[PDB]
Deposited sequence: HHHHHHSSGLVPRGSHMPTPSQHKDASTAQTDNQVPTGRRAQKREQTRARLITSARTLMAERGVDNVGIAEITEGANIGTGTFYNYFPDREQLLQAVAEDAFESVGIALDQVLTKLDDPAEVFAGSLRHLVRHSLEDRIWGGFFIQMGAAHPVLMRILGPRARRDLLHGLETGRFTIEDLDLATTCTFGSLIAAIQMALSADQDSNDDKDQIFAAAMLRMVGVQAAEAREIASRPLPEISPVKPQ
């Protein structure tokens, strides 16, 4: 049935996440994942065409969780520049602390597309907000959104293979959207609201 497939995909996603969180997205095979979901190994490809799709579902789950948490806290700040900066700083910190996250930004070339499906609409919103209040200067909204995540990935990959890294990165993104060079740094250094 289609209902059986529905819950199995869900169980596989849960299995993959639990295992990768412990050992790394790169150190878990589908045999172990199918075991965790309680199904025959040779039956995996009955729910996912390949490994990548499953990886993407796990990444969506991770990014969406933070996205929702960010929408709960951050947006409650008045300065659009702080909302955007704070959001970015949380992503960077999560990347340097979550085993599974670091794995997404390195061993996954589809990180960008996933980030765009889940956090893109949120970032665009935050940027549009800053544009409407004259806080930001942006010529193309979609470009700023996609470049932000392209930069995030590169930024996290560098940091991972190496401290206010999050602050420095956020400042650069603030400057990219039209914030005075000196002001940007200050805004990216404001106390960061707890995300947990």
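If you line the structure up with the deposited chain, the stretches without a C-alpha atom are 1 to 39, 202 to 206, 241 to 245.
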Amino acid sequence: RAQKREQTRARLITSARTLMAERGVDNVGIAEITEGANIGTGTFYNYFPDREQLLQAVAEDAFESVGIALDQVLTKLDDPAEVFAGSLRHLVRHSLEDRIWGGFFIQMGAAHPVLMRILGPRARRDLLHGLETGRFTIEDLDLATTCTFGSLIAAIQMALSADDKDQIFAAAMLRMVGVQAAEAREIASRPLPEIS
From here on, numbers count along this sequence of modelled residues.
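As recorded in the PDB entry, 176 to 184 is the stretch of 8 to 16 and 176 to 184 with the greater mean C-alpha temperature factor. Here 43 to 51 and 144 to 152 are compared by their mean Cα B-factor, and 43 to 51 comes out higher. Looking at 110, 92, 119, 81, the one whose CA carries the top B-factor in the deposited record is 110. Considering 123, 115, 85, 100 together, the PDB entry gives 100 the largest C-alpha B factor. The deposited CA B-factor of residue 65 belongs to the lowest third of values across its chain. In the PDB entry, residue 159 places in the highest third of its chain by CA B-factor. Ranked by Cα temperature factor within the chain, residue 30 sits in the highest third according to the deposited record.
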